[PDB]
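The numbers here are math on the coordinates, done by the rules we state, and not lab data.
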Ligand SMILES: [Ca+2]
Ligand SMILES: [Ca+2]
């Protein structure tokens, strides 16, 4: 039958991935760049270099536009290896 609260629909769809994108973003505009990503990366303990970040954007970018967005993230996260 039909429920009220409906706590069965617990499927990890793209709806949940949309949040992961905002985490990486700095100002939450919808796109990510080496400069922006370099900021969030600074929080990490290890000392990453500007060159090391280029690798993250290289494989992270699928539209060869230079930045990463929801469409790119959903594609990058949906099977990185
Ligand atoms: Ca952004
Ligand atoms: Ca792209």
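How tilted is helix 14-24 with respect to the longest principal axis of the chain? Cα atoms for both, answer in degrees (0 to 90, nearest 10). In the chain, helix 14-24 runs at an angle near 30 degrees to the longest axis.
For the chain, the percent of C-alpha pairs falling in each 5 Å distance bin, counted from 0 to the bin holding the largest distance, reads 3, 13, 21, 21, 16, 8, 6, 5, 4, 2, 1, 0.
Taking Cα atoms only, the orientation of helix 50-60 departs from the longest principal axis of the chain by about 40 degrees.
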